[PDB]
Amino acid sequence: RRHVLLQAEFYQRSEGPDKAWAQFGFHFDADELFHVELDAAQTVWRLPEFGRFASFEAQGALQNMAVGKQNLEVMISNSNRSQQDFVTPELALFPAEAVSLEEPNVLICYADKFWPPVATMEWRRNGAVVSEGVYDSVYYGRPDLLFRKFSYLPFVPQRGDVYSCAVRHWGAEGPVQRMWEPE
């Protein structure tokens, strides 16, 4: 019936501290086709099958990034450095699959409804940092111009294990976190 293909790109910077970010990606319905790693000029497909079916010239994104960054400086000026209030994320933590003790699974941490799109996710098992095999998404857009982001932790369910996902949003006082434990 209905489909949306989006090319979504953004260019942002902070002062105090000074930092810049950029993102260039293509999306289909709610899901990401690819993003370009702007430092390396590489198209990164969300699923490896996409990269076998299709191609994208990542140099094109780098040309867009130069235009994006110039646009940013012109719109900062045209707006007299007007700024918006930050919106802190809502977190959900849920497994990919039916939980069976000792069957490998994936915990998904979904940070939603935040702005600006600068947030880091940290995983913990029984209060200790776990990072092996973790995948973090790039920032996905919303109709309300807020963002969302996915993180994935491979795990093996066991009785009495607790997991936590903590998100550090740019400029927040500290992390917000959610816990999960199996059935």
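Residue positions are given as counts along the sequence shown, with the first one as 1.
**Item:** Higher-B stretch (mean Cα B-factor, as the entry records it), 109 to 117 or 96 to 104
**Value:** In the deposited entry, the stretch with the higher C-alpha B-factor mean is 96 to 104.
**Asked** Mean C-alpha B factor from the entry: is it higher for 153 to 161 or for 136 to 144?
**Response** Higher mean C-alpha B-factor: 153 to 161.
**Message:** Using only the C-alpha B-factors in the record, can you name which of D29, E49, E122, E37 has the highest?
**Reply:** Reading the PDB entry, the winner on C-alpha B-factor is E37.
**Prompt:** What third of its chain, lowest, middle or highest, does the C-alpha temperature factor of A22 fall into?
**Reply:** Tercile = lowest for this residue's CA B-factor.
**Prompt:** Mind checking which third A8 falls in for C-alpha B-factor across the chain?
**Reply:** Within its chain, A8 is a lowest-third residue by C-alpha B-factor, going by the deposited values.
**Prompt:** Going by the entry, which third of its chain does the Cα temperature factor of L33 land in?
**Reply:** Answer is lowest: the recorded C-alpha B-factor places it there.
**Request:** Place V129 in the lowest, middle or highest third of its chain's C-alpha B-factors, as listed in the PDB entry.
**Result:** CA B-factor rank for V129: middle third.
**Prompt:** Going by what the PDB entry lists, where does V67 fall on CA B-factor within its chain: lowest, middle or highest third?
**Reply:** Middle third, going by the recorded CA B-factors of the chain.
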